[PDB]
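Structural overview
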Amino acid sequence: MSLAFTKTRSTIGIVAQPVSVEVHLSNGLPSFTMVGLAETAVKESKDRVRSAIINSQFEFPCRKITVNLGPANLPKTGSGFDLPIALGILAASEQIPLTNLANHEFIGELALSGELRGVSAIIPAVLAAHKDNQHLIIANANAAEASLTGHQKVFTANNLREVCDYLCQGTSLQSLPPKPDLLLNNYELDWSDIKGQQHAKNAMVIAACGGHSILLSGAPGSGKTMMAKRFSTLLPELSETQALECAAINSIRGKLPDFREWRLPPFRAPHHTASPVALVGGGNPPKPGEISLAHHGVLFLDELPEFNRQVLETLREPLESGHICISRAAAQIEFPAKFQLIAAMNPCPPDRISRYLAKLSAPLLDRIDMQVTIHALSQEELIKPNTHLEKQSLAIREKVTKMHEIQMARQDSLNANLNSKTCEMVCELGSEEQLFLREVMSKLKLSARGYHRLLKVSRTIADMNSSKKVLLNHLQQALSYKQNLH
Amino acid sequence: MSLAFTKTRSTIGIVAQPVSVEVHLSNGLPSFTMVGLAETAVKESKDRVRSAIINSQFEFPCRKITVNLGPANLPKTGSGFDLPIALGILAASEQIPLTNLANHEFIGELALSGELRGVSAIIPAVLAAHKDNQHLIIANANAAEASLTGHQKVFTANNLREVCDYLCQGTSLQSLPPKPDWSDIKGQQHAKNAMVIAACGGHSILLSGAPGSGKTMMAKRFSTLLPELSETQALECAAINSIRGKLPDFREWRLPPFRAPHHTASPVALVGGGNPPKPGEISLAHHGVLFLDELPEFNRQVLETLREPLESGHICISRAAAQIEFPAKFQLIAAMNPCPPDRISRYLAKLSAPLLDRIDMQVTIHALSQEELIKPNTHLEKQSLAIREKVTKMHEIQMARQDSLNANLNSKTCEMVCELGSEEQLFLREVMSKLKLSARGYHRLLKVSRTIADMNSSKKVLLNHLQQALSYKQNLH
Amino acid sequence: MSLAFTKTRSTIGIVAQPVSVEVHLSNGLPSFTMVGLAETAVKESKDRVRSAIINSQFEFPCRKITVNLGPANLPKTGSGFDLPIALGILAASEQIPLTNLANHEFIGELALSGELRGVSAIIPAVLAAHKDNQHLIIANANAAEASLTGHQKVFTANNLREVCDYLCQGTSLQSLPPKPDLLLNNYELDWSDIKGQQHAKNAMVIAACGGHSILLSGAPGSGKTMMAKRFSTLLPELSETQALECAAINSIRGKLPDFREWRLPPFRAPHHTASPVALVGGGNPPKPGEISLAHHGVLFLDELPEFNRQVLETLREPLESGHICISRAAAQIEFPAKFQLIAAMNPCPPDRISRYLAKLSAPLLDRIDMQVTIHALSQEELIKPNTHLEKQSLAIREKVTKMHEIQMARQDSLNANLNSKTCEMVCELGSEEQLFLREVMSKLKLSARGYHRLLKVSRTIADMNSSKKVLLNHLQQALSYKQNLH
Amino acid sequence: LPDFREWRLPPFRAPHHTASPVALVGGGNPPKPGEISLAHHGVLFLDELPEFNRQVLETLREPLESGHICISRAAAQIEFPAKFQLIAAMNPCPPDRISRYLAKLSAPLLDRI
Ligand SMILES: Nc1ncnc2c1ncn2[C@@H]1O[C@H](COP(=O)(O)OP(=O)(O)NP(=O)(O)O)[C@@H](O)[C@H]1O
């Protein structure tokens, strides 16, 4: 009397639902029955698994094989269930040490020969396996795709016999390949570049250290895009989970989604024309928009006012929710879309000014926390090279990490996501600072949101100098990052 | 003799219809036949049940097994029938004494090892079992979801052998494990003043004003003004939640739900549900608050359907051969924009049908002045609790007068309760001369006046109360 | 060992995905259990292969047979699997030396006499076999269709016994037909048919030069569809890299009589009623829509306002990327649709004008680059006959080839495919040009997208004028092709 | 059956203008009496008459005159009694737009009112 239990994943989409494979060997006539809403693609696993076991010089039981793909309420649309089933059968026949199986998760499609074949949609599987801290074994054909995850806890095999010998004799199998070291280091940006615009640089630094969204404004060719691409270097390095989640969102796009290196916080910048289906959602099938590839990264609304107002209105959903459900029909998918927003606008040179600025999305413009002006450096100043830049990016990055730790000490929310109650409770806002606020806002006719965003920015620059309490100088300097338009 | 009975439950919508699985062992060549309308997930239970019985060291009968899970006309879809069928087979073979399972219900799907596995959407079955005064044995994995009832007799087990020993020798199963703001809105004055009596009287309210001025903030705050849900109401809310497969919060099941649907307004997601039906956004707000953010942006059709449950408390939806109620009692809140001519005329023409006209109350929000915006939160004295006590006593007196709130008063009842003495009648005609309110406008004015009259703890309505009530009217312009 | 492999090709859409046929012999009771998603083979091929093997005097195995058709997640429908399965069975029974199959593909269906029959849709298999550098053996009847590819290493046997002899004895089996030649002669249509429409002709020619999308407007009967019908002859001749792709796309629908016009670009002009499924994508196993036939070619859409809005919404994806990636929610098919788009419309017949203009698709108009108003011919111009027979179409085609060759000697895209930044750095645009362009943009409310479109048209016309840089004269000339609607 | 006390009171029905032809009249695949049939021996109320679609109003003629509706599944024909009394409501709105608005009213249902 014996039975075996084996674990695998069904990749119905971004999520990887855990699935338990169970085999029981009755002493009845040698049938092979499958339960658990097995589709045709998997209900036909019988003969292929049988031949794979036979052709690997194992013994196929002459007994009533019963297979259960739990849970029974969800259909098994995947195809990689074959290797878990074969391993379960071999374990039930006591040809394998059952003790080792408890810690391992298996995915694999086997040809009739017993050699493995690579299934599709493996990135969500490895993400889920890592989050569950399970040793994952997959077909060698998917090692190239698995490599971009940067794991050290995933193993690949060429044939079922190799998996059996790793289980028994500990052959350790072929691990996934080396690091993608074939790249240009420092992302060719690092920091300490951009010779001019000192004020814009430290404004960007404080925005990065916090979580504030910042809108750039200036003349063409003076800045914007350069600072935007440089910003990605200041954000702290992604943990394993964030990198794997970015890989999962990239993977559903199909193919090898992009061999543009990895593990850095993604920068996305859709063109202002684009489309509502490409920026957000997936339309008829479940796909993530560019808003979602920016998850744990930066979304750059390059030339903001040319965007469609409806898309900008939609953008307000996940920026606060953290995900944007796509209620297409009869079902929906989450697709997390939390990102550090950055925007760029051109002031242009009468009625024309209002007629142009009327296209600005007021709800999104009000949500954007920071604004700074970019001056042109003129053709005369660009001739002189960088002249001893003395790269210092690591200090600023560690400052970012320490600042985020300081935020987490109070609450998980960064200063940009603070509500009014928590914001007011955090800034001690002494008597003199209160009088200063009343004076300056008597001077400047701000609204409620303008007042609260000012408080949040002031608190951020207060944390810039390790001050438990805000001071008048902090608010005075933070005041320079507001007063939209003219 | 070789016949057995076992009660269980099947879920279709909110109601957990009773199901009697019946096992008869014949004497012919062994076979496993199942009868009664069953989705293939149910007729696939043969192998799971056989393996579970075998691996639990019982004896699987070598006889004709006929399983009837009646009634025959009701289709069975749930995966939970594995445990009832296993217990029926064990009882029919007399391995388990029959008398022990008389007043019990079994729910759970079986893995091959005989371990019980958690099924989805269990809570309605728990409620039905409690109502029918039956013991309910469930898989251990469902203990977390069933924990939001505090009920006894809900003993849960990990594997089949535990249940077998419990029935045979009485070994105790595991009991179910025990259970684990209005502030700010600076200086808004009139808006919160109106919203307080709106909560008191269950009235629907429409807020007008510029966006980004506290409308959503106050709407979210409105949730804690309502009283805590009773035990039955909280249980029903947990039941409707359990259909969509989540109960991750705790500490909050007693508070009324709050939902803010998006203006995209996909019909099948906002209301009702396709396939085996699922609760919509409207039904998730049961006993709670439904906030129609940006009312004019909604399409006509969804709100036209929504008018019916607003007046009836339920939204009937049906497949070809079914009929589902899906209770949807909720409180309505909506928002609109005053606009800065023909453009404003078409804007107000584009409003969402005569659903706005039967909204009970309306209030115009004005932007905060700067000085109250300065005022630090040194005025943080609690205010939610006292207003909740007011509201609780208010529902108490309103229910004592009649079995409904002032919002749900029928035509004759409101005129019978709102006495409107000669002094008040002498006034109403002059404002019916300054204005041209419809019959329903007059009636909702009367309901609001009655609510305010209660607010002053008055047995009768007075002229001052009607004058105060008149301010919270005059929808649009 | 009772194991054999046999590679082959199957196609959905244009791509001919590789498929590995696997045959395993077992000692159990005689049966033919085919596995892998098969719609016709699973129930028809297992019968034909038996008779084909028997009647060719081979020994059919008196043993259990399991046949695995490659990737299990990919549904397969081509009938030509009979020959691969038969050869797999023969190799598994060691009546054929399995070592010789290492570098070959097989395609064809077997009659009961062992004779091969011509399979449908052979061309994509030939293309895939060549690019994979694989010897391809096909039915004799398919020689005429495969011949247009002209590739070596292709053999067309008559019967299974001939293939067995070639594998065992290496006899020269069959060379390909002797490469039918085109010797292109147009002999039809020609640009000379367009009497009197000087402006429309020059606009049409420079639109061909720049690959721009062009919209025709004006009174009916001015020659709208005639312009489109004659446009195709001005495009450059398709190379084999393009001609083979177009032939593969066309063969998917049915028949292929192109031969002499086989290298000319194709032209489609669907009527506005149509149906979305026939015009784009298709049911059944995926079939190509009316859009995909215009690949590498031209698509004409007269009566644009009368199209149902679904078509005009969906056309954005292929018009941008050259592919549609249509999906059935089970799989997605790329279905390339690289084309040049020509539109035609009547500019309105009161608020009826407002409704008529509102029914226009802005997302399609947004990248409609060229617009020209065509009047009805004048009477005195209509009096004159043709009076000359110079076939100027060839000269215009030569001009188009020259312009496209120079553009490809520049960056890898034509003016039409240039983005904003590439369009910026391509054109010199001295100070006088910039200031005059700013002045004209002040005089009429063109957007930045219209600004870039005008710059693209100006670059095209300047290149046509043999000018090294864009001048103010070229901007003045290009301005006439704008001001859509009154 | 909410019955035994109020059953003898003649039925009342008020279908919404959205509804569905298959549920308002007859029933798909397994036959089931439509919402028109429930008003039998009672009153059927049609608020906002013009907003109904043409096909349903065309089919309304058959039960009004014959007292019954026959639904055909092409395998057999099934009769559902539909003798009822009809009450309708409509309203004009602010020009010749009034003329085209009233033109939407179904001609052969209106003359049977
Ligand atoms: N009276 C007030 N007291 C305190 N904070 C307020 C008040 N009015 C507005 N706010 C602030 O305004 C923000 C929320 O405004 P609110 O308009 O309710 O949300 P919203 O998302 O902007 N609704 P919408 O305009 O549709 O986007 C929060 O930062 C609140 O702190």
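1. Observations regarding the site of the ligand
Taken together, 13 residues surround the ligand, and among them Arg316(A), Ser420(A), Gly212(B), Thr216(B) and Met217(B) come closest. Surrounding the ligand are residues belonging to chains A and B, so the site spans chains. The contact in question runs from a nitrogen atom of the ligand to an N or O atom on the backbone of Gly214(B), over 3.4 Å. Within the contact set of the ligand, an oxygen atom lies 2.6 Å away from a backbone nitrogen or oxygen of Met217(B). Considering every element that reaches the shell around the ligand, the biggest residue donor is helix α8 (residues 215-221) of chain B, with three residues. Taken together, the residues of the shell around the ligand break down into four nonpolar, five polar and four charged.

2. A short note on the environment of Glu245(C)
Residues and elements named next belong to chain C. By the element assignment, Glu-245 lies in helix α8 (residues 240-253). Note: C-alpha distance between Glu-245 and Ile-123 (122 residues apart in sequence) is 9.2 Å. In terms of polar contacts, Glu-245 uses its side chain to reach the side chain of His-295, at 2.7 Å.

3. Some thoughts on the packing of helix α5 (residues 123-131) of chain A against helix α10 (residues 240-251) of chain A
All names here are of chain A. Running from N to C, α5 and α10 point in directions that differ by 160°, and their axes come no closer than 8 Å. It follows from the interaxial angle that α5 and α10 lie roughly antiparallel. The handedness of the crossing between α5 and α10 comes out as left-handed. Contacts between α5 and α10 pair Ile-123, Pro-124, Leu-127 and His-130 from the former with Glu-240, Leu-244, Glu-245, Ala-247, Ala-248 and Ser-251 from the latter.

4. Quick notes on the sheet that holds strand β15 (residues 339-345) of chain C
Strand pairing in a sheet relies on backbone hydrogen bonds. The paired strands run either parallel or antiparallel. Residue and element names in this part refer to chain C. Strands sit in the order β11-β12-β15-β10-β16 across an open sheet of five strands; the sheet is parallel. At either end of the open sheet lies a strand with only one pairing partner, and these are β11 (267-268) and β16 (370-374). Where strand β10 (residues 214-218) and β16 come together, five bridges link them in parallel fashion. Paired with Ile-214 across the strands is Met-370, a residue of β16. Across the sheet, helix α6 (residues 198-210) is in contact with β10, β15 and β16; its angle to β16 comes to roughly 160°.

5. A look at helix α7 (residues 190-201) of chain B
Structurally, the α-helix is built with 3.6 residues per turn, so residues lying three or four positions apart point the same way. Residue and element names in this part refer to chain B. A rise of 1.5 Å per residue sets the reference length of α7, with its twelve residues, at 16 Å; its end C-alpha atoms lie 17 Å apart and thus fit the reference within 8%. Here α7 lies mainly inside the structure; nine of its twelve residues are buried. Taken residue by residue, α7 has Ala-191, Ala-194, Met-195, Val-196, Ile-197, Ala-198, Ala-199, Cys-200 and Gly-201 as its buried positions. On the buried face of α7, the contacting elements are β10 (205-208), α8, β13 (330-336), β14 (361-364), α15 (384-401) and α18 (439-455). Once α7 finishes, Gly-202 follows within two positions and takes phi at roughly 65°, a positive value.

6. Looking at unusual backbone geometry
Each neighbour pair has its own omega, and for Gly70(A) with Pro71(A) the value is -5°, a cis peptide bond. In this model, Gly70(B) is joined to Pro71(B) through a cis peptide bond whose omega is 0°. Position of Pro71(B) among the secondary structure elements: in the loop between β4 (64-70) and α3 (82-92). We note that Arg251(B) has phi near 65°; this positive angle belongs to a residue other than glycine. A positive phi angle, near 45°, is found at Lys179(C), a position not held by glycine. Tracing the backbone through its elements, the reader meets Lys179(C) in the loop between α5 (160-169) and α6.

About the cut-offs
- Residues numbered from 1 in each chain as written, not as in the entry; some residues may be left out.
- Chains lettered and ligands numbered in written order.
- Part of a larger assembly, values for the part shown.
- Heavy atoms only, no water.
- Residues with missing side-chain atoms left out of burial classes, pairs and counts.
- Near = heavy atom within 4 Å.
- Polar contact = N/O pair within 3.5 Å; in protein donor to acceptor, adjacent residues only side chain to side chain.
- Helix = DSSP H or I, 4+ residues; strand = E, 2+ residues; numbered from the N terminus.
- Nonpolar A, V, L, I, M, F, W, Y, C, P; charged D, E, K, R; others polar.
- Axes fitted to C-alpha atoms, helices over the stretch in contact; angles between N-to-C directions.
- Parallel < 35°, antiparallel > 145°, perpendicular 65-115°, else oblique.
- Left-handed = near helix turned anticlockwise from the far one by under 90°.
- Contact = heavy atoms within 4.5 Å.
- Pairing = 2+ DSSP bridges.
- Expected span 1.5 Å × (residues − 1).
- Buried < 20%, exposed > 50% of the residue type's maximum accessible area, 1.4 Å probe, protein only.

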